[PDB]
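This report refers to the structure that appears directly beneath it.
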Amino acid sequence: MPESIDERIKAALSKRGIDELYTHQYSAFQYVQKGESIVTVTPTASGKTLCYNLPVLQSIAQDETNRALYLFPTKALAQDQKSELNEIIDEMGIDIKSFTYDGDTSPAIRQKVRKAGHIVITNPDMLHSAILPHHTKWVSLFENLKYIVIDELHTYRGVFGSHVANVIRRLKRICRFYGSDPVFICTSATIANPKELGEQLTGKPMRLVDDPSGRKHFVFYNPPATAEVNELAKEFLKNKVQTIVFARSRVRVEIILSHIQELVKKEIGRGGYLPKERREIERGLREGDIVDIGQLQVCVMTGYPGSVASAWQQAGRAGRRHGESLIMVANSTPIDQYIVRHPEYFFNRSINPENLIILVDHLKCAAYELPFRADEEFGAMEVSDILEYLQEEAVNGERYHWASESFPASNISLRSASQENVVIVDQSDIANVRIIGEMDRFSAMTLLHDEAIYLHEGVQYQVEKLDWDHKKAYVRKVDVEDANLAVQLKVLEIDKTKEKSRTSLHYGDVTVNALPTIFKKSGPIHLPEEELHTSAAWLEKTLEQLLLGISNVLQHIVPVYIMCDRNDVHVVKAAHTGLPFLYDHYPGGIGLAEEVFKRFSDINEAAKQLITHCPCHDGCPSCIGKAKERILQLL
Ligand SMILES: [Zn+2]
């Protein structure tokens, strides 16, 4: 082992015993010390937090005047990582103070951690809202902000991805002023474009790290869900096999765990969780009867968790050292049945800051937190003439307010393009009236319309009311367990066009309108409407029905490859070109069309194979809702 690494760290890691010269940790540390940003796809069982901890703590131990900044999604994960690294600081013995700076920290120590904390953990919302606008009170952080750590990079996508990219633009701008360009260390999971997603974020050409421990078994069956998973778990427990099941929604967890718990507890005799009891359960699991919290012997799932990365991660939570283990049951849903009938995405792998509205919002924010100068750029967005129409307002531009409640950041809620959008309030029980979700204008028109069928994470809901003039959905949770809208459209421009074999493929910008019309399951509804300018990638009555079938195929195939919500983008003679339309949901380009521009060839090939190998008769209700081969030979 090279003696370049600090011997304090070497001995502290030799105490626990993980001194193995490992592959991905080596490739990460070497080329992070070299100065190149990295993105890793290593699982939790292999490397986990150490791959980004080790270079950070090495730089902290070398020069005491070094600071690190972490991006973790929630306050619970912030506290978890803080405790995990505080344990290693304790084993190291070096006077290093690392804390979290989020909404639930004691104010008596906030100034302290601003003046003396080495590592600072903070979620993007709190970061953007408080830390960067008051970067003055963070001088000591930004003068020596060497590294920037990001956990779960795939969560930063869509509107959240664009907003976080703009926040990191502001962050790098502040660092440029304070003279401390940081190298970026991003962690993620199994996605199709890990390096391509890491490059566009910060505009840095970071490298991706892909790299016996036995072999893990895979299950590909479907019973003709809760009770069946319970029976599988009870078989494993009768055989005395360490088993883990994965229910996501807390309510489903409580129900299934009540079943399993009464049974097994009579046999054997998340968010709201705290780090003390978390470490107690870790102790129990890894050195008792029932973060390296422990290693499981078999993994049981509960449907496709709506993410390629999340499924692989929850599968990788289990594993042994030089041993074998086993890995999912679908439900009465075409999406889970589809991911069952499509295991071809497992042998290997299976967004746009150019949105001008978010650009204007973050321009206002940056102008508040740091004055601009038009004489330098790396190649990002900074056209000064556009940066100069932001002027006064006689009778939205800037708000030169001398009051205190008004703010430039104000309503710029980056979690879901919440310029002005709806907030969801659960009216099931008054005691703890749970305010849960938030949704854009058009997204709420599509989903949260009054008296709808809302499904929020395996739990059924029912919309009671929607205050549209103040954007507030009031819903009711149901245990007894569709929608529609259509109107005209207009076009703008095309920045990417084709002419291949009569079938021209265009990508550009358009402007659409809205109208709720009716909803399915059988009722009409009206709501005030507004236009929407965004990017879009696109290409007698029997032909209209054929195009409707094509639209069904696309609506059921596109969310898979783009890995987004099913109700993000929406599929549509056209007056633009005289003959007969994917468009982005949220105002402005969000990559949901440029990714289609990139991968439309493979999308069309997969559509061919899907419409051919569908277990039906020339079209299934889950794919179309000899027309099959006619569609095939037309496309
Ligand atoms: Zn079919």
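Neighbour counts are summed over all protein chains in view; Cβ atoms, including those assigned to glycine, are modelled from backbone coordinates with ideal geometry. Each value in this text was obtained by applying a stated rule to the coordinates, not by laboratory testing.
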Going by the structure shown, is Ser535 among the hydroxyl-bearing types (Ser, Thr, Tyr), within 16 Å of the ligand (Cβ to nearest atom) and either under 20 Å from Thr333 (Cβ atoms) or assigned to a strand (DSSP E or B) (or both)? no
Meets criteria (more than 22 Å from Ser535 (Cα to Cα) and surrounded by fewer than 14 Cβ atoms within 10 Å (Cβ to Cβ)) for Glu398: no
Quick one: is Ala575 over 30 Å from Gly161 (Cα atoms) and within 14 Å of the ligand (Cβ to nearest atom)? no
Just the residues that are over 16 Å from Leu547 (Cα atoms) and either within 16 Å of the ligand (Cβ to nearest atom) or among the hydroxyl-bearing types (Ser, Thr, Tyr) (or both), please, taken from segment 584-612. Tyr586, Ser601, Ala606, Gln609, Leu610, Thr612
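If you go through segment 613-632 one residue at a time, how many are over 32 Å from the mean Cα position of the chain (by Cα), within 10 Å of the ligand (Cβ to nearest atom) and either within 16 Å of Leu547 (Cα to Cα) or polar (S, T, N, Q) (or both)?
Pass one, segment 613-632, residues over 32 Å from the mean Cα position of the chain (by Cα): 615-619, 626-632.
Retained after the next criterion (residues that are within 10 Å of the ligand (Cβ to nearest atom)): 615-619, 628.
Keeping just the survivors that are either within 16 Å of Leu547 (Cα to Cα) or polar (S, T, N, Q) (or both) gives 618-619, 628.
So the answer is 3.
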Please indicate, with yes or no, whether at least one residue in segment 162-183 is among the aromatic types (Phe, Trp, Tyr) and buried (at least 22 other Cβ atoms within 10 Å of the Cβ). no
For residues in segment 512-524 being part of a strand (DSSP E or B) and β-branched (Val, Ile, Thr), which is nearest to the chain's Cα centre (by Cα)? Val512
Which of the strands (runs of 3 or more DSSP E) contained wholly in segment 403-511 include at least 3 residues that are of a type outside the set (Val, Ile, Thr)? 435-439, 454-456, 459-467, 472-477, 489-496
What number goes with the only condition from (1) in a loop (DSSP other than H, G, I, E, B); (2) in contact with a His (Cβ under 8 Å, 6 or more places away or on another chain) that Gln555 does not pass? (1)
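Return the total of residues in segment 258-284 being aliphatic (A, V, I, L, M), farther than 20 Å from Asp80 by Cβ and loosely packed, with under 13 Cβ neighbours inside 10 Å. Spell out the reasoning first.
So the first thing to find is which residues in segment 258-284 are aliphatic (A, V, I, L, M), and the list is 260, 263-264, 268, 274, 281.
Okay, now just the ones that are also farther than 20 Å from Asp80 by Cβ, so 260, 263-264, 268.
Now drop any that are not loosely packed, with under 13 Cβ neighbours inside 10 Å, which leaves 268.
So the answer is 1.
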If you check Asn144 against the conditions, is it more than 19 Å from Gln419 (Cβ to Cβ) and out of contact with any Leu (no Cβ under 9 Å at 6 or more places or on another chain)? yes
Residue under evaluation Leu387, criteria (1) under 29 Å from the mean Cα position of the chain (by Cα); (2) farther than 23 Å from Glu420 by Cβ; (3) outside any loop (DSSP other than H, G, I, E, B), criterion not met: (1)
Segments classed as strands (runs of 3 or more DSSP E), wholly inside segment 1-116, with at least 1 members that are farther than 16 Å from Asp151 by Cα: 67-71, 98-100
